[PDB]
Amino acid sequence: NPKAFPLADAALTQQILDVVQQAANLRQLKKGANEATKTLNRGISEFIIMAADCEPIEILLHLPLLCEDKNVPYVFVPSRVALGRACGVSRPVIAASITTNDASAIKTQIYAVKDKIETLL
Amino acid sequence: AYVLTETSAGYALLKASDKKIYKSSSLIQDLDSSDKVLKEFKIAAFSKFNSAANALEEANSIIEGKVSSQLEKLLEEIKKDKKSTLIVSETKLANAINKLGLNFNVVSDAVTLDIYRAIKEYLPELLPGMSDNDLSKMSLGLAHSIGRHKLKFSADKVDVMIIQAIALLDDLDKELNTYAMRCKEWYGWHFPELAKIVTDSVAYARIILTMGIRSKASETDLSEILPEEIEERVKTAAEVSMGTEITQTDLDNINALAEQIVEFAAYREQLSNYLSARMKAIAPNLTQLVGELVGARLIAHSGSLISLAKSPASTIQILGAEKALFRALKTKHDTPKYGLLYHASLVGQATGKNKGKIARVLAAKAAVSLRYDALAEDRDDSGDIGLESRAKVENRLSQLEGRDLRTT
Amino acid sequence: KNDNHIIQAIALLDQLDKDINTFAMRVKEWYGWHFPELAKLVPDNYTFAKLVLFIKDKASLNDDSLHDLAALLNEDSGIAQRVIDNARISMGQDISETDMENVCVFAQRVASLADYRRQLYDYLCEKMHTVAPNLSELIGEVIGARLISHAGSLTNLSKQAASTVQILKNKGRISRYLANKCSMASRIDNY
Amino acid sequence: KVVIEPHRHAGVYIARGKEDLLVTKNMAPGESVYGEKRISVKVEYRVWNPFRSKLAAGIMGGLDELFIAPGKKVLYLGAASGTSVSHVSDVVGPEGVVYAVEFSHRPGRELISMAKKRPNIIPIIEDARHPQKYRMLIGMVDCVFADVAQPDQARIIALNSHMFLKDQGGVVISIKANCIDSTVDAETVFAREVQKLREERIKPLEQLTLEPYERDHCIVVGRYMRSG
Amino acid sequence: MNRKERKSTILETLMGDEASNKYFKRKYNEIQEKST
Amino acid sequence: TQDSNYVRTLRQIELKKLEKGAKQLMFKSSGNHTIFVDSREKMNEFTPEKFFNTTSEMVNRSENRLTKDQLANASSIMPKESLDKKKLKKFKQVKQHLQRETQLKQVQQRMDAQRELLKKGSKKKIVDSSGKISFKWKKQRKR
RNA sequence: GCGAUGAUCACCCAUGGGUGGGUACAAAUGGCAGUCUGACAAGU
């Protein structure tokens, strides 16, 4: 399906999920479609991760509009349950937003993943 | 040799030297892009396809994909000998017209772009040939039709028409209100006690239509408009009333007004039923979830259905009471929690804090349903997602209600 | 001597004409969503509504259609032919027959409303000649009704002094002279 | 209170009032197409924003010969929701015409709405790589402008201009290294694309970098000549 | 009264009036200079 | 004194006001304009004044460069001290919105950090030799 | 060939235009004007 167009391969998924857990730990990550849209509106998002097997896909498919409107990288990953593990919560998550903060330890990681996402876009 | 070209009004064919490639060489080398060369080779055969927009769109879609029956009835008599060579631009159309039944030779997107370019350059000079007009606005119309088809605009899915409908409905409520007040007042010179005892505008106007003067009402029945007690009440008031006597010119014109009232009321209920049908066609899941009316209010408040999709859940929870929202945010009281959803069936079913919680969960589930219905490139229009979300939220509601408070 | 009829009839003529304006604009809008250059060609809104009621859908266009919409007011300004080709080649989006019946019903509604306005205006004219004929024959029925409405009642008008009626170079001279004669006429017609 | 003065390009104006503005005329009075603030002086005027239209930024940066005259035909590649082609159609006015092309569907619907509003703009939702496909409708636009983000900008411009552009025509391209190369120096990139156009028979005349209003963005204007 | 002098609050219409404004500013000036 | 919701509201108002001000204002262009010429003699003889058929001011200032043929602000009161003064007041008004917005953003950030620290965690208070206070929460999946 | 059934009583260019103010109606993707929180809770 080309609706979830940029879908990460195994390696990029690894690094994406790793930086997602890092940001969840330093608490630079907003979890959920609604809060992600909120960060997107406020323009505080470094980039967006989405699930690719949502039931159905449109409920989060709304996001790429705002993403590529405001020039914020976005990427799909295979499994929402994997994304939930990566975030560190008890329930499957479908879309999360890595926010932006200059005083972060994971700066260089987020920038590497965002680099590769942009290349893939 | 023949050459085919496509025009917004018709299909054109021009005969030229069989050495078409060398003719093109001469054209481009001598800059024969002029009326001299195009009068040398003006036309061979034209057909203006009919002025039916559906025929236009389908014929051009066929030009894009395959060969048309219009194409057949044009290529019935291209040839004089068994073998003639025809220039065409499209490669797929080229091999299609190779495989067609007449089997005359054709040439694909060769260097003949020179011919196409020049014949389009002085296509204005070709207009005196068959199409004595300006094709610009023709092309505008055809392009809009084609774009409509390409995007696949179902005639029912027009959010802007929905906003039109709801705004007109509100205006109809206001103006029917003011007219009914006016008629009640003008008839008040004749039966004020009734004006007080009954409140329905339609009932008032139908009374004016049935009865005309008080004892005529005393002798006439009003069973199908009002119950027995109310009609006997108006009987008593008719006996002891304080209004004047009315000429039949006055009565005629006030009766015409009441007739306008009832016709407006009939139209308004009819249009509301229309709005029900149209929203069920467009965004069935939201209608299944919260209800057709509040769905209309939601789309109207957000403007575009797409922007309403884009909005997050919390804004949908409190989409209405924005005034209190921002005032309380600024003054550090507590924000409102219902807004426009408060008139939803389920939040009405809940109670108090259960109303708040069901409002939140309904907001989120409705956001999901709305996004799916809006962005579904293909959609069953059954509303199955709405049914499932409704089932979930009803289970949540029952859970809250069964969750008692006092320690038994 | 009752005149609250006159007051009410003025309230109706004004508000009704305003609503005629609004709903004619609405029909212009919808039949523009279907076919807008007609809304541009014919600005007379009542004729617009009747023309919609005739050509519901832009598809129906023939020479008998030409003749009948020529009977619709006329052809002298090329309305027939111009709308014919504009609708044959319109850029208008198409919509449901439900929308067509809705729009036609609405145009019918507005047409009936306007006919009601005409009837009510004749009503007002003859009721004035019934109630305050001298004031009417002086100034004109509509304006006399507006005066009576401003005052609040024929009695309030007549009880009113001349200069206050006025507020109710030779332009000023004639205005004030008219106010005096108007007040006298109101007295006569009231008593 | 606002003085209007003509810019060197026929169809555009500068307002000198409480604030200066770069403005065009209007054909849909009292209707801003994407939210920009309009003014009147009376006659209706509508401001561009250089940050939102690359053509606006290029004009603001200064160009010698912009080939969009009012009495002309202008083709637009990459009318993303049409915010800029609205202004271009304004510049052209009723005398000429503008043919816009789009592929992705949501901006397609937006541009259909705008083209329902205005008659000078015409919509082509067809894919831009196939002038063979959308050869039905438009005839030899006078000048061609492109904003397409695809790597084969020169390729698609070559097809479009070959199949449609009038000879000695004007072509204008918006180009961004962050999308084409994104790892090599921007001027080197621009050299590569101008070489490509000279190969494809477009004789360049000017190119401008738009760096006050957009980072790593160039606009090239050239003439199409000696062709059929 | 007017249409453009119609202010949504007695305080802002008091502002809109001018003689009040100059009297107030004067009186406030001298009361402040006597306070100081 | 104030609440996080009010601070958030004020900052968002300032963002919208700032974007409105940017929409209404402009910045002077400064591009790297490069001309293509055919022959070396023409390049050696090239002058922008003749190539653009402008004058000294018309070629130095960029946005609207007229032809002399086309050639073929004193209407307002005190043009030389009032209009430019209004220009600069608009500019400094935009900048004032900008800096008040950034101060509000810093305040909101600090309020959020404090609120979250009170909110939850198996927290450890770590101090960094730049004197800066952080809290590292232990690695525990939140149920 | 009169009158109480009412006599009388802001700027510029030379009785022409421009500036302003007043009243009604309408439009605005004009303004005021910013769209809540974000992980535990219910029983045992």
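No value in this document is a laboratory result; all are computed from the given coordinates. Positions of Cβ are generated from backbone atoms using ideal geometry, with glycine treated the same way; all protein chains shown enter the neighbour counts.
Return the only residue of A:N41, A:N34 being out of contact with any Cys (no Cβ under 9 Å at 6 or more places or on another chain), within 14 Å of chain B (Cβ to nearest Cβ), near RNA strand G (Cβ under 10 Å from one of its atoms) and within 22 Å of A:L121 (Cα to Cα).
Going through A:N41, A:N34 in turn, the sole match is A:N41.
Where residues in the stretch F:1-31 are surrounded by fewer than 13 Cβ atoms within 10 Å (Cβ to Cβ) and more than 16 Å from RNA strand G (Cβ to nearest atom), which of them is nearest to the chain's Cα centre (by Cα)?
Once the filter is applied, the top-ranked residue is F:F27.
Does B:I299 fit the bill of being part of a helix (DSSP H, G or I), in contact with a helix residue (DSSP H, G or I) (Cβ under 7 Å, 6 or more places away or on another chain) and surrounded by fewer than 20 Cβ atoms within 10 Å (Cβ to Cβ)?
no
Could you run through the stretch D:32-78 and say how many residues are over 30 Å from D:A154 (Cβ atoms), away from chain F (no Cβ under 14 Å) and surrounded by fewer than 19 Cβ atoms within 10 Å (Cβ to Cβ)?
Result for the stretch D:32-78: 4.
Identify the single condition in (1) part of a loop (DSSP other than H, G, I, E, B); (2) among the β-branched types (V, I, T); (3) in contact with an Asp or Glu (Cβ under 6 Å, 6 or more places away or on another chain) that D:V189 does not satisfy, given that it satisfies every other one.
Result: D:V189 fails condition (1) only.
Can you tell me how many residues in the stretch B:11-40 are under 24 Å from B:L75 (Cβ atoms) and buried (at least 18 other Cβ atoms within 10 Å of the Cβ)?
Within the stretch B:11-40, residues that are under 24 Å from B:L75 (Cβ atoms) and buried (at least 18 other Cβ atoms within 10 Å of the Cβ) number 9.
Go through the stretch B:98-131 residue by residue and tally those that are within 26 Å of B:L27 (Cα to Cα) and either hydrophobic (A, V, I, L, M, F, W, C) or more than 11 Å from chain D (Cβ to nearest Cβ) (or both).
Residues that pass the stated criteria total 18.
With the structure loaded, tell me whether C:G144 is more than 14 Å from C:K1 (Cβ to Cβ) and either in contact with a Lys or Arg (Cβ under 6 Å, 6 or more places away or on another chain) or away from RNA strand G (no atom under 13 Å from the Cβ) (or both) or whether it fails that test.
yes
Identify all residues within the stretch B:313-338 that are near RNA strand G (Cβ under 6 Å from one of its atoms) and among the polar types (S, T, N, Q); write none if there are none.
Once the filter is applied, which keeps residues that are near RNA strand G (Cβ under 6 Å from one of its atoms) and among the polar types (S, T, N, Q), the stretch B:313-338 yields B:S314, B:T315, B:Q317, B:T335.
Would you pick out the residues in the stretch A:11-39 that are more than 12 Å from A:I110 (Cα to Cα) and touching an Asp or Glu at 6+ places or on another chain (Cβ under 9 Å)?
A:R27, the sole residue that qualifies.
Before we move on, is F:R143 within 13 Å of another protein chain (Cβ to nearest Cβ) and either more than 21 Å from D:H7 (Cβ to Cβ) or within 16 Å of RNA strand G (Cβ to nearest atom) (or both)?
yes
Of all residues in chain E, which are loosely packed, with under 10 Cβ neighbours inside 10 Å and either in a loop (DSSP other than H, G, I, E, B) or polar (S, T, N, Q) (or both)?
Hits for chain E are E:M1, E:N2, E:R3, E:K4, E:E5, E:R6, E:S8, E:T9, E:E18, E:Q32, E:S35, E:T36.
For D:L205, state whether it is within 24 Å of F:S30 (Cα to Cα), surrounded by fewer than 20 Cβ atoms within 10 Å (Cβ to Cβ) and not acidic (D, E).
yes
Could you tell me whether the stretch C:153-175 includes any residue that is under 30 Å from the mean Cα position of the chain (by Cα), away from RNA strand G (no atom under 16 Å from the Cβ) and hydrophobic (A, V, I, L, M, F, W, C)?
yes
Answer with yes or no whether A:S97 is among the polar types (S, T, N, Q) and more than 14 Å from chain B (Cβ to nearest Cβ).
No, not satisfied.
State all residues of the stretch F:87-113 that are among the polar types (S, T, N, Q) and within 12 Å of RNA strand G (Cβ to nearest atom); if no residue qualifies, say none.
Once the filter is applied, which keeps residues that are among the polar types (S, T, N, Q) and within 12 Å of RNA strand G (Cβ to nearest atom), the stretch F:87-113 yields only F:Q108.
So, of the residues in the stretch B:1-29 that are within 39 Å of the chain's Cα centre (by Cα) and assigned to a loop (DSSP other than H, G, I, E, B), which turns out to be nearest to B:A96 (Cα to Cα)?
Among them, the one singled out is B:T7.
Would you point out the residue of the stretch B:302-312, among those that are within 8 Å of RNA strand G (Cβ to nearest atom) and buried (at least 19 other Cβ atoms within 10 Å of the Cβ), that is farthest from the other protein chains (Cβ to nearest Cβ)?
Looking at the filtered set, the residue picked out is B:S302.
With the condition being away from every other protein chain (no Cβ under 12 Å) and under 28 Å from D:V3 (Cβ atoms), I'd like the helices (runs of 4 or more DSSP H) fully within the stretch F:41-113 carrying at least 2 qualifying residues.
Helices (runs of 4 or more DSSP H) meeting the threshold: F:56-60.
Go through (1) within 13 Å of chain B (Cβ to nearest Cβ); (2) among the basic types (K, R); (3) over 29 Å from B:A277 (Cα atoms) for C:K40 and report which single condition fails.
Looking at each condition in turn, C:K40 falls short on (1).
With the requirement that a residue be buried (at least 16 other Cβ atoms within 10 Å of the Cβ), more than 14 Å from chain B (Cβ to nearest Cβ) and assigned to a helix (DSSP H, G or I), what does the stretch D:141-178 give you?
Hits for the stretch D:141-178 are D:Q153, D:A154, D:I156, D:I157, D:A177.
Anything in the stretch D:192-210 that is under 26 Å from A:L121 (Cα atoms) and part of a loop (DSSP other than H, G, I, E, B)? List them, or say none.
Within the stretch D:192-210, D:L210 is the sole residue that qualifies.
Specify the residue that is nearest to RNA strand G (Cβ to nearest atom); the eligible residues are those in the stretch F:127-140 that are assigned to a strand (DSSP E or B) and within 15 Å of A:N25 (Cα to Cα).
Here the residue is F:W137.
Of all residues in the stretch B:361-401, count the ones that are within 16 Å of RNA strand G (Cβ to nearest atom) and either within 11 Å of another protein chain (Cβ to nearest Cβ) or of a type outside the set (D, E, K, R) (or both).
Number satisfying all stated conditions: 18.
In the stretch D:2-31, how many residues are farther than 21 Å from D:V92 by Cβ, out of contact with any strand residue (DSSP E or B) (no Cβ under 6 Å at 6 or more places or on another chain) and within 8 Å of another protein chain (Cβ to nearest Cβ)?
Number satisfying all stated conditions: 3.
Within the stretch B:192-231, how many residues turn out to be part of a helix (DSSP H, G or I), of a type in the set (G, A, S) and surrounded by fewer than 13 Cβ atoms within 10 Å (Cβ to Cβ)?
Qualifying residue count for the region: 1.
Is it the case that the stretch C:74-87 has a residue that's more than 12 Å from chain B (Cβ to nearest Cβ), in contact with a helix residue (DSSP H, G or I) (Cβ under 7 Å, 6 or more places away or on another chain) and surrounded by fewer than 16 Cβ atoms within 10 Å (Cβ to Cβ)?
Yes - at least one qualifying residue is present in the stretch C:74-87.
Looking at F:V7, F:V59, which is the one that is more than 28 Å from D:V2 (Cα to Cα) and either touching a strand residue (DSSP E or B) at 6+ places or on another chain (Cβ under 8 Å) or of a type in the set (A, V, I, L, M, F, W, C) (or both)?
After applying the criteria, what remains is F:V7.
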